[PDB]
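Structure first, then comments.
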Amino acid sequence: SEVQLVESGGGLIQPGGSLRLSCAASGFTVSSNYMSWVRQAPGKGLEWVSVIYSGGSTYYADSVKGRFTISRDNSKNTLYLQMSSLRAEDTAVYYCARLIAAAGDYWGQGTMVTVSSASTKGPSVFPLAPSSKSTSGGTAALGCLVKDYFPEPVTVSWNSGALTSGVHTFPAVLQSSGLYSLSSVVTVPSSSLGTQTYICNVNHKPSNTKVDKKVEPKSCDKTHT
Amino acid sequence: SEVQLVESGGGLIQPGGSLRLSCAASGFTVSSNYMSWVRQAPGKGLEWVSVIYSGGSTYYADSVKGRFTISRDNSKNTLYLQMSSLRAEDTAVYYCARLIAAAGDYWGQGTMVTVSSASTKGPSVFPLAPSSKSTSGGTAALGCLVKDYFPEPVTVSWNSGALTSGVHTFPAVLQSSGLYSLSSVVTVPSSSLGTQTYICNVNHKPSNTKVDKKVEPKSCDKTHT
Amino acid sequence: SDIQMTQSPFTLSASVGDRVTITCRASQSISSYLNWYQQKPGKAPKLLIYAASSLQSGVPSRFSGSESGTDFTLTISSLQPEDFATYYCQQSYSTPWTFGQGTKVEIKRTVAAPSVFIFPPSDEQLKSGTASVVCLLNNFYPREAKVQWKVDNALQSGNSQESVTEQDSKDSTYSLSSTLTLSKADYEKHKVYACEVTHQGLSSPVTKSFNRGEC
Amino acid sequence: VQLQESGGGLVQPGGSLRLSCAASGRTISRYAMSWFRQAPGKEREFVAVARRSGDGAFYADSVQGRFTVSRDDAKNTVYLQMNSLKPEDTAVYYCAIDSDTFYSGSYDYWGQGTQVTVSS
Amino acid sequence: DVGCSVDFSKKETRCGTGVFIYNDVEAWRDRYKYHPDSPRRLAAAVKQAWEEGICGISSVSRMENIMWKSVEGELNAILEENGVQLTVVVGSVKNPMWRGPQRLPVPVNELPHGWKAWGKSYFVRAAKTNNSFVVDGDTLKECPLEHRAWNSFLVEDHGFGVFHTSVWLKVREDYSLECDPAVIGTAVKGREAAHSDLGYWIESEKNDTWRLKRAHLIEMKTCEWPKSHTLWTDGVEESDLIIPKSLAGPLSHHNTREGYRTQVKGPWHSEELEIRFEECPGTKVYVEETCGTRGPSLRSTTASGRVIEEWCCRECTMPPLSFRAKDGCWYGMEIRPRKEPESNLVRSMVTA
Amino acid sequence: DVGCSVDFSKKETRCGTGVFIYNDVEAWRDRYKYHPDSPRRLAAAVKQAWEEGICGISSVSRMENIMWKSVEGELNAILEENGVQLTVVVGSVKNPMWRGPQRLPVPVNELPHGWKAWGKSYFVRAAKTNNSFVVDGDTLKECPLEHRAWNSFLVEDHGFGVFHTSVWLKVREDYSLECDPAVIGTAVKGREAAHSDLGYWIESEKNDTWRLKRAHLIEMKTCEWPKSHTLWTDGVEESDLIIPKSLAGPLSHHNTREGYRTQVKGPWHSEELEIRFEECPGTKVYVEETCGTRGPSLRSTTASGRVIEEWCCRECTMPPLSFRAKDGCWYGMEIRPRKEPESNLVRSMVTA
Ligand SMILES: *[C@@H]1O[C@H](CO)[C@@H](O)[C@H](O)[C@H]1NC(C)=O
């Protein structure tokens, strides 16, 4: 067969838990060559976890000092790694790597490991207003906002996807409370403010929550003061 | 000389740091016996950390294996301990236990180690008065509440300690915000409500901060609303 | 794991001159490698019985111990006023070495109902936008206090915090305090703040003198 | 399921009596029991509690040093041994069955009660 | 310095100077003639220890039993001169052997009257005194097992010019638990290695990776194996160790075999034991998914002479994990009978 | 396995089974024949390496160079017969040694020709050309260091050590950094223990909790020391090992000393070096507090030829560390001149 590497076993667990991840192989024999685990922190550089010699010697990095353990199988040509005493800071993407500096490397697709001390919930949406002394730009500055949703994934659309020009979707950011947040903005000439309808669709499949919020160029109300 | 044991090296460290601990001794020789470290978590039982044989062998418990290091200087009859990758959960009091399971044990005074990112603050003092459908007692249910102070200790006295009968204080509990709380009561027969002066003295030694609060049989105020 | 060490019962009561027995059990035969540790509050622990059969020189020999296959026991022929402390069970056969959960001995004195109070937050706290309703209990025995909140059928679920005091030297009873915190917006959404109390010595809740918005 | 009390009677001061209680449809060996009495014109008050065999039992101040309690899981019956009665005891008495754990402090069924009187 | 060094594999003569490891277990009986250091002090030490409530002594290896049986009644003859009202008895060994909580002290002074070291004491054998002292044997009814010492003798020197080596032994001054290392040894060469002791022989080979090949056992000790005389002491799962950690097993990656775990219910009651990776005579083993789980070992031969011809296990690597003893053939814990309940089979003694 | 022995000082002698070691360092490279595979097949090996861009080869030990020097001209004869312009040039080794980033390939076909290389009736001759496949030496100009292979062979048999002495070597099939364990050896017995190979000899004594006693070195090998042939491989800090891991120093608590750290800046330029704990003639070391820092190793004799007397250090313990070779005497890194910290002494360059 061809040469591929496949990962499996990722998921979610509370702090202090343990999990088992595997690194299967095809074509070549894992026993003969070297192996090493590599993890990528979210939006940071790569990190080296541990290595195993074909002769049967292993070395572990300082971060996982005394918490990891790696073993290999000869009957079915498979590799296994064990983790104990997990923590929130450990969240990352993991995948076994063929770190051989002689002929080439094969890197697996990988899978994510998540550590959370709290938990499923729907988002919220609110409209926006421009004027006084903090904010300016002199053009249509009307859009939708999404906050306090968890977990991934979610999607944002305008006019059921009918509007595509000038669509922006900022990356999700995780607050200290363990909840996601994003923002969607769009701009049009101020002349067409009140002559068209703006609608943003917010979807949160994990909670099966669909929220729609009509947006209009609302003027400041003169209610009782 | 006779046997003496003294620990040292404790203090207040930030999370993620490292520190060394020592346990000197006199009389007997530390090289020819077995030594171990014992820690007691706040309000919990004892716990065994590690053991070193007289022959140079060592074994570590699951909770700390891969994070500590222990060695002894036999030239001057001293024992040293090292730890890395500290965390909040490790706060406790540690003893160098002479865990000889047959002959006997000599134990020292111990030492305190704290891990926390908090940082000296003054207390706050508030009065109280109940009446309607939720609180009772039939006597002078008066007391001074001390809150939002850190670190320990604080001394609470009433009327400069001129009275002791019927005076007691609740033990303190550490809020998740990193500050302490407590309560005091000077309850007495209701006949002496408006014919005596009540003062609760609060002293905060770390910052030399002293606060006072006069407790009176105050009633509700019919302020304009 | 290799060796588990269990102590039972958790706590017992007696008086002066009474005979008290403490038991300790293991999961498998590990010979007589076992010792007991006595701990006084505010002081370093101590060792009294070593090798599970012999007592060290010191306080007169009013301590005893034995073994039968897989069980151990410690007994006091006659309790003395200085014998009220904590005791521990420990083994040193195979790594990792474990410890027992411990046991306590306390003076025995006779049931008393609690005093159910609720002290409020004030303006100094109401300004911050967060308020805490605290349910207070005092002078109750035995240790069976329970606290619940049923604000307009809205049952609470593991949000509050609780603490307990000591038996006190003279009164010889317990006091308790339960606290839960919520924002000002949710503070005024309801008009009944009652903390429900259940004790083995009582049968139903009580009524008192204080309230919110009705002072 | 039901609970029935028995053993009421009359005696002169310093007398001794024996009561009993039982239920049907449940096994008592898995539960603890408690004893209560109702003073004249007064609500039910604590008397005694007994726990599972070998765990212990507790008696009220008004009854401490006077009475005793024992269980008979075989026939699903609990006895209360009563001695040294003084006329103040005159009251109704009840038997109750405890829930799974002592942490509950609540009961699912209540007995019918019985009358005990003493006078000089 | 020099050695014969006739290599049987390729018939090679080979000379030089270095270190030498010898297999001495097969002929243990005739290599030794022990004795204490100045028995004048040993008698005083035993007398003083008895005063503290210690009842007897439990041996750690057949060597100590041989020493005690050799000295035997000679102690009473010397004790008589001082008028000691105590008697010492010697028992016999049995498999396995347990520990002893207590330990012996060291005297501060010797006997006040009597200056005998060695000589004519062979001509006396007395009767019981007012007090008795026991050592090993079937004496469970005299004093409880928790009143005897264990592993209290050191080996000051080994080997002498008599061939009944006058090994000097005495009581340890400190407290310790590890097996005495003065006689232990191990070595590695090419694709072979072995850890050696007076009553232990373990062989390892490199086919694929380090594992077990063969081993010979004469007795089961219960002292911790010294780590500083071990190969590849890196972290390893205690389960995989074929020789249980409790039975003075080595802490080495060599001491393992993939597909098998700790054997705590093995036939340790047998007098002589040998571990070989060959099926029992006339039997056969298979690796099957639907076999039973781990449990007490079963003997391949029934007490009535009936043999079991079916066996199975799941995680085992085929075909054997076999034990050999004078009383017959056994199997490892992982293996279970395929189609026979353990009720109608000779269950191995469970000393776990 | 079967052999004899005589104790160094004791009178013990015997001829029994076991495992034996002797030193093979001072024998100075016994004249072995070294069949590097069939030379007919090896001819197809260097062809691909040169074709792919390999120009030079570095040495790993002072044994491969001897094999090359033994075979030499016959290799050029093969290519002359087959008609390929290429040859080999051999230099001499200097210390320290350096590793290489390349490895040789494995041909799948034999060179079509009538093999007249091995066993032929003499008449081996050739001439020199410009296509130099330099091996060893300082000829970096023809081939830079980063283009040289390193340690691309493997042992297959160590037999015939009596008369034919034909250790079989063959190119390895897989990539790895570990040494060849087929000749490595180590053993321990009682109060003494030592690790040895074809170029190293380290002695460790049981005086107090293990400590380096003495060692002998003839070549500064930099191969990766194997972990499966060493004792007590856990519980040590890399800052204390006398021989750093880069220099193939064994990883063991035996391989250390109290009061000293690594010696990565030592005098590794000599030819044969012995480590001895003793003060060099005339010179002496004092354990004081006002000494300097951990500077590079300094020679004991001034460039003018006279010796330097006073030194100092803080963590030392009598006796001080010392290096001894034919050039003279060198002291440890922690040991610096006492009164004058002047650098007017022969000094070793930075090594890492
Ligand atoms: C050596 O190991 C291999 C690989 O598992 C195996 O096939 C073989 O049977 C073993 N024995 C020999 C003599 O090759």
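Identifiers for the structure tokens are assigned positionally: chains receive A, B, ... in sequence, residues are indexed from 1 per chain, and ligands are indexed from 1 in the order shown.
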
If we count only C-alpha atoms, what is near range 209-211 of chain F at a cut-off of 6 Å, once residues fewer than 5 positions away on the same chain are taken out, given as a VMD selection string?
-> chain F and resid 204 254 257

For chain F against chain E, which residues fall within 9 Å using only C-alpha atoms, given as a PyMOL selection string?
-> chain F and resi 1-8+10-12+15-24+159-162+181-191+193-194+227-234+253-254

Please write the residues from the selection above to a file, keeping C-alpha atoms, as a PDB file, in the first residue's frame.
```
ATOM      1  CA  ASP F   1      31.122 -19.596  28.425  1.00  0.00           C
ATOM      2  CA  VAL F   2      33.476 -22.225  29.851  1.00  0.00           C
ATOM      3  CA  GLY F   3      36.766 -20.947  31.189  1.00  0.00           C
ATOM      4  CA  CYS F   4      39.085 -20.504  34.150  1.00  0.00           C
ATOM      5  CA  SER F   5      40.465 -17.674  36.274  1.00  0.00           C
ATOM      6  CA  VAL F   6      42.928 -16.680  39.007  1.00  0.00           C
ATOM      7  CA  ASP F   7      42.095 -13.915  41.464  1.00  0.00           C
ATOM      8  CA  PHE F   8      44.321 -10.845  41.461  1.00  0.00           C
ATOM      9  CA  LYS F  10      43.176 -13.998  46.503  1.00  0.00           C
ATOM     10  CA  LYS F  11      44.098 -17.635  45.896  1.00  0.00           C
ATOM     11  CA  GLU F  12      40.678 -18.551  44.481  1.00  0.00           C
ATOM     12  CA  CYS F  15      37.303 -23.625  35.790  1.00  0.00           C
ATOM     13  CA  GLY F  16      33.539 -23.172  35.524  1.00  0.00           C
ATOM     14  CA  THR F  17      30.865 -21.786  33.245  1.00  0.00           C
ATOM     15  CA  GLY F  18      30.173 -18.067  33.124  1.00  0.00           C
ATOM     16  CA  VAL F  19      30.787 -14.865  31.176  1.00  0.00           C
ATOM     17  CA  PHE F  20      34.168 -13.128  31.029  1.00  0.00           C
ATOM     18  CA  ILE F  21      35.728  -9.827  29.983  1.00  0.00           C
ATOM     19  CA  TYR F  22      39.258  -8.642  29.337  1.00  0.00           C
ATOM     20  CA  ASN F  23      40.701  -5.264  28.402  1.00  0.00           C
ATOM     21  CA  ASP F  24      41.421  -4.805  24.684  1.00  0.00           C
ATOM     22  CA  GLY F 159      34.643 -14.941  15.406  1.00  0.00           C
ATOM     23  CA  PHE F 160      37.932 -16.406  14.206  1.00  0.00           C
ATOM     24  CA  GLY F 161      39.762 -14.415  16.882  1.00  0.00           C
ATOM     25  CA  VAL F 162      42.467 -17.082  17.183  1.00  0.00           C
ATOM     26  CA  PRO F 181      26.822  -2.779  20.376  1.00  0.00           C
ATOM     27  CA  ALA F 182      28.308  -5.971  18.897  1.00  0.00           C
ATOM     28  CA  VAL F 183      31.609  -5.272  20.705  1.00  0.00           C
ATOM     29  CA  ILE F 184      30.484  -3.105  23.626  1.00  0.00           C
ATOM     30  CA  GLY F 185      30.722  -4.676  27.069  1.00  0.00           C
ATOM     31  CA  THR F 186      30.243  -3.813  30.727  1.00  0.00           C
ATOM     32  CA  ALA F 187      29.970  -5.726  33.997  1.00  0.00           C
ATOM     33  CA  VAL F 188      29.892  -5.206  37.760  1.00  0.00           C
ATOM     34  CA  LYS F 189      30.869  -7.339  40.748  1.00  0.00           C
ATOM     35  CA  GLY F 190      30.788  -6.478  44.429  1.00  0.00           C
ATOM     36  CA  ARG F 191      32.956  -3.490  45.290  1.00  0.00           C
ATOM     37  CA  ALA F 193      32.610  -2.009  38.389  1.00  0.00           C
ATOM     38  CA  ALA F 194      33.844  -0.827  35.011  1.00  0.00           C
ATOM     39  CA  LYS F 227      21.468   3.140  26.710  1.00  0.00           C
ATOM     40  CA  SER F 228      20.629  -0.590  26.597  1.00  0.00           C
ATOM     41  CA  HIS F 229      24.167  -1.608  27.688  1.00  0.00           C
ATOM     42  CA  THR F 230      24.586   0.600  30.755  1.00  0.00           C
ATOM     43  CA  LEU F 231      23.711   0.538  34.449  1.00  0.00           C
ATOM     44  CA  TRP F 232      21.586   2.961  36.481  1.00  0.00           C
ATOM     45  CA  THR F 233      20.472   5.106  33.552  1.00  0.00           C
ATOM     46  CA  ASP F 234      18.065   7.335  35.526  1.00  0.00           C
ATOM     47  CA  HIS F 253      25.574   7.426  38.249  1.00  0.00           C
ATOM     48  CA  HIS F 254      28.867   5.524  38.137  1.00  0.00           C
TER      49      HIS F 254
END
```

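With a cut-off of 10 Å and using only C-alpha atoms and all ligand atoms, the polymer residues contacting ligand 1 are residues 74 and 75 of chain A; 205, 206, 207, 208 and 209 of chain E.
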
Within 9 Å of chain B, which residues of chain E are there when counting only C-alpha atoms? Please give them as a list in words.
-> residues 101, 102, 103, 174, 175, 176, 226, 227 and 228 of chain E

Would you save the residues of that selection, restricted to N, CA, C and O atoms, as a PDB file, in the first residue's frame?
```pdb
ATOM      1  N   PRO E 101       9.605  -8.284  60.660  1.00  0.00           N
ATOM      2  CA  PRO E 101       9.552  -6.855  61.018  1.00  0.00           C
ATOM      3  C   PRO E 101      10.729  -6.375  61.851  1.00  0.00           C
ATOM      4  O   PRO E 101      11.192  -5.244  61.660  1.00  0.00           O
ATOM      5  N   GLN E 102      11.227  -7.195  62.770  1.00  0.00           N
ATOM      6  CA  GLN E 102      12.216  -6.732  63.731  1.00  0.00           C
ATOM      7  C   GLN E 102      13.634  -6.888  63.182  1.00  0.00           C
ATOM      8  O   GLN E 102      13.857  -7.392  62.078  1.00  0.00           O
ATOM      9  N   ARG E 103      14.602  -6.431  63.975  1.00  0.00           N
ATOM     10  CA  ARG E 103      16.010  -6.508  63.611  1.00  0.00           C
ATOM     11  C   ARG E 103      16.831  -6.714  64.875  1.00  0.00           C
ATOM     12  O   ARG E 103      16.388  -6.404  65.984  1.00  0.00           O
ATOM     13  N   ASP E 174      23.428  -0.690  60.866  1.00  0.00           N
ATOM     14  CA  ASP E 174      22.397   0.243  60.437  1.00  0.00           C
ATOM     15  C   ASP E 174      21.111  -0.509  60.106  1.00  0.00           C
ATOM     16  O   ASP E 174      21.010  -1.726  60.278  1.00  0.00           O
ATOM     17  N   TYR E 175      20.120   0.237  59.628  1.00  0.00           N
ATOM     18  CA  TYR E 175      18.847  -0.324  59.192  1.00  0.00           C
ATOM     19  C   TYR E 175      18.789  -0.251  57.673  1.00  0.00           C
ATOM     20  O   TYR E 175      19.029   0.811  57.089  1.00  0.00           O
ATOM     21  N   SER E 176      18.468  -1.377  57.040  1.00  0.00           N
ATOM     22  CA  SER E 176      18.398  -1.450  55.589  1.00  0.00           C
ATOM     23  C   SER E 176      17.496  -2.610  55.197  1.00  0.00           C
ATOM     24  O   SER E 176      17.184  -3.481  56.013  1.00  0.00           O
ATOM     25  N   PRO E 226      18.746  -4.730  44.480  1.00  0.00           N
ATOM     26  CA  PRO E 226      19.493  -3.467  44.397  1.00  0.00           C
ATOM     27  C   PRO E 226      19.452  -2.900  42.985  1.00  0.00           C
ATOM     28  O   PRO E 226      19.721  -3.599  42.007  1.00  0.00           O
ATOM     29  N   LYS E 227      19.119  -1.611  42.889  1.00  0.00           N
ATOM     30  CA  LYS E 227      18.982  -0.974  41.584  1.00  0.00           C
ATOM     31  C   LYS E 227      20.330  -0.670  40.945  1.00  0.00           C
ATOM     32  O   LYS E 227      20.442  -0.684  39.714  1.00  0.00           O
ATOM     33  N   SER E 228      21.358  -0.405  41.752  1.00  0.00           N
ATOM     34  CA  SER E 228      22.658  -0.005  41.224  1.00  0.00           C
ATOM     35  C   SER E 228      23.425  -1.153  40.586  1.00  0.00           C
ATOM     36  O   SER E 228      24.569  -0.945  40.167  1.00  0.00           O
TER      37      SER E 228
END
```

Select all residues from chain C having any atom no more than 8 Å from an atom of chain D (counting only C-alpha atoms, ignoring ligands), output as a short mmCIF file (atom, residue, chain, number, x, y, z; two decimals) with C-alpha atoms, in the first residue's frame.
```
data_model
loop_
_atom_site.label_atom_id
_atom_site.label_comp_id
_atom_site.auth_asym_id
_atom_site.auth_seq_id
_atom_site.Cartn_x
_atom_site.Cartn_y
_atom_site.Cartn_z
CA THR C 110 -25.90 16.40 74.74
CA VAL C 111 -29.24 17.70 70.67
CA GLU C 144 -26.21 17.52 60.00
CA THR C 198 -33.17 20.63 57.32
CA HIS C 199 -31.72 19.05 60.46
CA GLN C 200 -32.12 15.53 61.81
CA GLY C 201 -33.39 17.00 65.10
CA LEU C 202 -36.12 19.14 63.50
CA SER C 203 -38.99 18.58 61.08
#
```

Proximity check chain C to chain E, 9 Å, nearest pairs one decimal Å, only C-alpha atoms, as JSON lines:
```
{"residue": "C:28", "atom": "CA", "partner": "E:352", "partner_atom": "CA", "distance": 8.3}
{"residue": "C:29", "atom": "CA", "partner": "E:352", "partner_atom": "CA", "distance": 8.2}
{"residue": "C:31", "atom": "CA", "partner": "E:99", "partner_atom": "CA", "distance": 7.7}
{"residue": "C:32", "atom": "CA", "partner": "E:146", "partner_atom": "CA", "distance": 6.6}
{"residue": "C:33", "atom": "CA", "partner": "E:101", "partner_atom": "CA", "distance": 6.7}
{"residue": "C:51", "atom": "CA", "partner": "E:101", "partner_atom": "CA", "distance": 6.6}
{"residue": "C:52", "atom": "CA", "partner": "E:146", "partner_atom": "CA", "distance": 8.9}
{"residue": "C:53", "atom": "CA", "partner": "E:146", "partner_atom": "CA", "distance": 8.2}
{"residue": "C:94", "atom": "CA", "partner": "E:246", "partner_atom": "CA", "distance": 8.1}
```

I need the chosen residues saved as a PDB file, in the first residue's frame, with N, CA, C and O atoms.
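Written file, out07.pdb:
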```pdb
ATOM      1  N   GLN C  28      -4.880  -6.262  51.002  1.00  0.00           N
ATOM      2  CA  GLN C  28      -4.246  -7.562  50.839  1.00  0.00           C
ATOM      3  C   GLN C  28      -3.213  -7.741  51.942  1.00  0.00           C
ATOM      4  O   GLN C  28      -2.822  -6.785  52.615  1.00  0.00           O
ATOM      5  N   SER C  29      -2.775  -8.986  52.118  1.00  0.00           N
ATOM      6  CA  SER C  29      -1.812  -9.306  53.163  1.00  0.00           C
ATOM      7  C   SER C  29      -0.465  -8.673  52.838  1.00  0.00           C
ATOM      8  O   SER C  29       0.131  -8.963  51.796  1.00  0.00           O
ATOM      9  N   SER C  31       1.904  -8.309  55.562  1.00  0.00           N
ATOM     10  CA  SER C  31       2.637  -8.527  56.803  1.00  0.00           C
ATOM     11  C   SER C  31       2.345  -7.408  57.793  1.00  0.00           C
ATOM     12  O   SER C  31       1.382  -6.655  57.619  1.00  0.00           O
ATOM     13  N   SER C  32       3.172  -7.287  58.834  1.00  0.00           N
ATOM     14  CA  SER C  32       2.939  -6.331  59.910  1.00  0.00           C
ATOM     15  C   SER C  32       3.714  -5.029  59.727  1.00  0.00           C
ATOM     16  O   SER C  32       4.099  -4.398  60.720  1.00  0.00           O
ATOM     17  N   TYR C  33       3.959  -4.612  58.486  1.00  0.00           N
ATOM     18  CA  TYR C  33       4.557  -3.306  58.215  1.00  0.00           C
ATOM     19  C   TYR C  33       3.448  -2.266  58.289  1.00  0.00           C
ATOM     20  O   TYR C  33       2.709  -2.041  57.330  1.00  0.00           O
ATOM     21  N   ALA C  51       5.798  -0.957  64.398  1.00  0.00           N
ATOM     22  CA  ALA C  51       5.777  -2.371  64.037  1.00  0.00           C
ATOM     23  C   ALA C  51       4.429  -3.023  64.315  1.00  0.00           C
ATOM     24  O   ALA C  51       4.317  -4.253  64.250  1.00  0.00           O
ATOM     25  N   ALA C  52       3.404  -2.232  64.627  1.00  0.00           N
ATOM     26  CA  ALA C  52       2.034  -2.683  64.846  1.00  0.00           C
ATOM     27  C   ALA C  52       1.858  -3.465  66.141  1.00  0.00           C
ATOM     28  O   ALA C  52       0.752  -3.952  66.409  1.00  0.00           O
ATOM     29  N   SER C  53       2.907  -3.607  66.953  1.00  0.00           N
ATOM     30  CA  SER C  53       2.795  -4.372  68.191  1.00  0.00           C
ATOM     31  C   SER C  53       3.485  -3.749  69.396  1.00  0.00           C
ATOM     32  O   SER C  53       3.213  -4.191  70.516  1.00  0.00           O
ATOM     33  N   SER C  94       5.262  -1.549  50.372  1.00  0.00           N
ATOM     34  CA  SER C  94       5.605  -1.424  48.963  1.00  0.00           C
ATOM     35  C   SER C  94       5.227  -0.039  48.459  1.00  0.00           C
ATOM     36  O   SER C  94       4.230   0.547  48.890  1.00  0.00           O
TER      37      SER C  94
END
```

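For chain B, the residues no farther than 10 Å from chain A when using only C-alpha atoms are residues 62, 63, 64, 65, 66, 67 and 85 of chain B.
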
Just-selected residues, N, CA, C and O atoms written as a tab-separated table (two decimals), in the first residue's frame:
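See result_33.tsv below for the written result:
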```tsv
chain	number	residue	atom	x	y	z
B	62	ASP	N	3.27	9.50	42.58
B	62	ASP	CA	2.68	9.83	41.29
B	62	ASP	C	2.44	11.33	41.15
B	62	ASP	O	2.65	11.90	40.07
B	63	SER	N	2.01	11.98	42.23
B	63	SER	CA	1.60	13.38	42.13
B	63	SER	C	2.75	14.31	41.75
B	63	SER	O	2.50	15.37	41.18
B	64	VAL	N	4.00	13.93	42.05
B	64	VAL	CA	5.13	14.84	41.89
B	64	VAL	C	6.26	14.25	41.06
B	64	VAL	O	7.24	14.94	40.80
B	65	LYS	N	6.16	12.99	40.63
B	65	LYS	CA	7.25	12.39	39.86
B	65	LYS	C	7.48	13.18	38.58
B	65	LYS	O	6.53	13.56	37.88
B	66	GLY	N	8.75	13.43	38.27
B	66	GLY	CA	9.11	14.22	37.12
B	66	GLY	C	9.11	15.71	37.34
B	66	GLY	O	9.17	16.46	36.36
B	67	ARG	N	9.03	16.17	38.59
B	67	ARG	CA	9.06	17.60	38.89
B	67	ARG	C	10.00	17.98	40.02
B	67	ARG	O	10.42	19.14	40.07
B	85	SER	N	8.27	23.80	38.11
B	85	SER	CA	6.91	23.91	37.57
B	85	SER	C	5.88	23.91	38.69
B	85	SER	O	5.02	23.03	38.80
```

Would you please extract all strand (DSSP E or B) residues from range 13-179 of chain B, as assigned by DSSP on the backbone, and give them as a ChimeraX atom specification?
-> /B:13,19-26,35-40,46-52,58-60,68-73,78-83,92-97,111-115,121,124-126,143-150,154-158,168-174

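Within 9 Å of residue 85 in chain D, once only C-alpha atoms are used and residues closer than 4 positions along the same chain are dropped, the contacting residues are residues 11, 12, 13, 14, 15, 16, 17, 66, 89 and 118 of chain D.
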
File dump, residues just selected, C-alpha atoms, as a PDB file, in the first residue's frame:
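The result, stored in selection-v1.pdb:
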```pdb
ATOM      1  CA  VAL D  11     -48.274   2.814  85.084  1.00  0.00           C
ATOM      2  CA  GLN D  12     -47.346   4.554  88.322  1.00  0.00           C
ATOM      3  CA  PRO D  13     -44.242   6.759  88.605  1.00  0.00           C
ATOM      4  CA  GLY D  14     -41.025   4.790  88.289  1.00  0.00           C
ATOM      5  CA  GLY D  15     -42.580   2.162  86.024  1.00  0.00           C
ATOM      6  CA  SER D  16     -41.238   0.529  82.876  1.00  0.00           C
ATOM      7  CA  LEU D  17     -42.934  -0.253  79.561  1.00  0.00           C
ATOM      8  CA  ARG D  66     -33.631   6.059  80.721  1.00  0.00           C
ATOM      9  CA  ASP D  89     -43.949  11.729  79.847  1.00  0.00           C
ATOM     10  CA  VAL D 118     -48.541   8.014  83.748  1.00  0.00           C
TER      11      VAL D 118
END
```

Could you give me, as a list in words, the residues within 9 Å of residue 72 in chain D, counting only C-alpha atoms and dropping anything in the same chain fewer than 4 positions from it?
-> residues 28, 29, 76, 77, 78 and 79 of chain D

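Straight-line separation from CA of residue 295 in chain F to CA of residue 260 in chain F: 13.3 Å.
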
Do a neighbour search on residue 39 in chain E at 9 Å with only C-alpha atoms, toss out local chain neighbours closer than 2 positions, and write the hits as an MDAnalysis selection string.
-> chainID E and resid 35:37 41:44 75 78 116:118

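For residue 72 in chain A, the non-local neighbours within 9 Å, defined as residues at least 2 positions apart in the same chain or in other chains and counting only C-alpha atoms, are residues 30, 31, 70, 74, 77, 78, 79, 80 and 81 of chain A.
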
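Using only C-alpha atoms, the smallest distance between any of E:242, E:321, E:316, E:149 and residue 278 in chain E comes from E:321.
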
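The helix (DSSP H, G or I) portion of range 65-211 of chain F consists of residues 65, 66, 67, 68, 69, 70, 71, 73, 74, 75, 76, 77, 78, 79, 80, 81, 82, 145, 146 and 147 of chain F, with states taken from DSSP on the backbone.
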
Using only C-alpha atoms, which residues of chain C come within 6 Å of chain B, and what is the closest atom pair for each, with the distance in Å to one decimal? Give it as a Markdown table, sorted by chain and residue number.
```
| residue | atom | partner | partner_atom | distance |
| --- | --- | --- | --- | --- |
| C:50 | CA | B:102 | CA | 5.9 |
| C:51 | CA | B:102 | CA | 5.9 |
| C:117 | CA | B:135 | CA | 4.3 |
| C:118 | CA | B:135 | CA | 5.2 |
| C:208 | CA | B:134 | CA | 4.4 |
| C:209 | CA | B:133 | CA | 3.9 |
| C:210 | CA | B:132 | CA | 3.7 |
| C:211 | CA | B:134 | CA | 5.2 |
| C:215 | CA | B:132 | CA | 5.8 |
```
